[PDB]
Each structure stands twice: as structure tokens, then as C-alpha cells.
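Below you will find one chain, with nothing else, as C-alpha cells; this is the form deposited in one PDB entry, and questions on how it binds or moves follow later.
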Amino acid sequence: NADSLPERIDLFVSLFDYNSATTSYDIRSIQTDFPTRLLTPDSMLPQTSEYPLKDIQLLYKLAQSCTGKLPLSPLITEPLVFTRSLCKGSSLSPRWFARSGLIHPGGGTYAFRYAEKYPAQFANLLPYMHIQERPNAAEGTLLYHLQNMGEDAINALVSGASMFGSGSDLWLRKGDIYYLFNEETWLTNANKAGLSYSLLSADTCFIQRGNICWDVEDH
């Protein structure tokens, strides 16, 4: 019977009443509001794959003391501009952030760090902050759904996956729009299609032992 699974999944997708979704989001609207950089969890970590750690550390020490040795990476020019501006007290307008690479070498964004020093600038700079740096969004908003997504759901969303689960929602893609359905609708339509399902925490499922599905950490 496992030979029938692609057709059963097709039946499952066709059972949903797309006019009756909890809500829906055009992919173009998500892209308009959120750079991928401000969604993916790795942006919140020190950018160790982009810079030598020595450069990240020199930059932290420069920011503490507003003096000392200058990082060397030609990739460090904009971080240095940011750091030296905070040191000299010279303004960075929202336009500076809009044309910036957004992510600070120590993880997180320039905008959030800037607004920590100039809290009157916070609302103007929110568009340049990672979703995990923004305040807890109102329930039912797109930011709320994004802030509550695990890494696996963010990656599926960013990759444009045809469906993925997050929290208490099923996201189903149809065209270039995602439609959200709640868990009980997901389960009812899976029932009716003769399907069972698991939400994976790991990227993928290569080998099953007992009820554990194993993956390599590094692909």
C-alpha cells in the first residue's frame, strides 16, 4: 500500500477548502516584509562562517573602548563603519540600515544594537531587526507566526516547501500563496486520505530504528 502514498498525499491536499483557511499569506508579501536574513536563525549567531573569530573579537574590543587595533578582513569595512559611528556618537539614519548588510558580525542586527543605544530610534529601525529581536507580535499576525517557527519550519518556508507544520498550524502552498489550517483540519483530512504523519525535528529522515528517524547533522 505504500506505493499509493503520492496519490494519497495528492488526495489529502485536495481535501482542503482554501477559501476557509485560518489565514493566508502571498509569498510576495512575506518577501516584501522580511528579508530572508531577518528570518533564518543563523543570523542571530556570531557570523563565524563569514569572519575569522579574531576579527569578531577585535571588533568587540574596539566597541567597548572606542580605541585599539582595527580588524583586517576586507569584509569588515561596514562593521567598522557601524562601530566607529557608535563610538563617535554620529547618527546612522534608517537609510543606513536599509542599504546595510543588516547582520552584525557578533550576531543579531546593526539596527537592534543601535536601538539599544538610542531607544528613541527603535520603531524606525524595527524593519531592519531580526524577527527574534522584535517584541512579541500580536497573535494572528504574520510576525507572530514567524516568531513562533522552529528552525525546521523557517527552512521549509524559506525553501518554498509545498507544506510544512509549525506550532498548531499546517501551512499549505498553492500557487505562490500559503494557506494556514489548524491541526484538527490537518488531522481530519489526513484521516480521510488514509494517511498518518510525523512532524520531523531534524532536516530529514534517512534511517529508522524503532520509532526514531536518524539524520546526519552535517549534510
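One rule holds for the numbers: they count along the sequence shown, beginning at 1. C-alpha atoms forming the largest set that superposes within 1.5 Å between two forms make up the rigid core.
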Item to check | Between the two ranges 129 to 137 and 78 to 86, the one averaging a larger CA B factor in the entry | outcome: 78 to 86
Checklist entry - Looking at the deposited entry, does 59 to 67 or 169 to 177 carry the larger mean Cα B-factor? => result 59 to 67
Checklist entry - In this PDB entry, which of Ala98, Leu143, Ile103, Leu72 has the top CA B-factor? => result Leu72
Item to check | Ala120 CA temperature factor, ranked by third within the chain | outcome: middle
Checklist outcome for this item: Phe12: C-alpha B-factor third of its chain, per the entry, is the lowest
Next on the checklist: Looking at the temperature factor on the CA atom of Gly194, which third of the chain's modelled residues does it land in?
Outcome noted: middle
Checklist entry - Can you tell me which third, lowest, middle or highest, the CA B-factor of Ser49 falls into for its chain? => result highest
Checklist outcome for this item: Here the Cα B-factor of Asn211, set against its chain, lands in the third termed lowest
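FYI, the form deposited in another entry isn't displayed, but the following is about it.
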Next on the checklist: Superposing the core, which one of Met44, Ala161, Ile177, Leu53 shows a C-alpha shift reaching 2 Å or more between this form and the one not shown?
Outcome noted: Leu53
Checklist entry - Does superposing the core leave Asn211 with a CA shift of 2 Å or more between this form and the one not shown? => result yes
Checklist outcome for this item: in that other deposited form the CA atoms of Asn155 and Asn211, compared with here and shifted by at least 3 Å, lie closer
Checklist outcome for this item: Taking the shown form as reference, the Cα pair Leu45 and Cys213 shifts by 3 Å or more in that other deposited form and sits closer
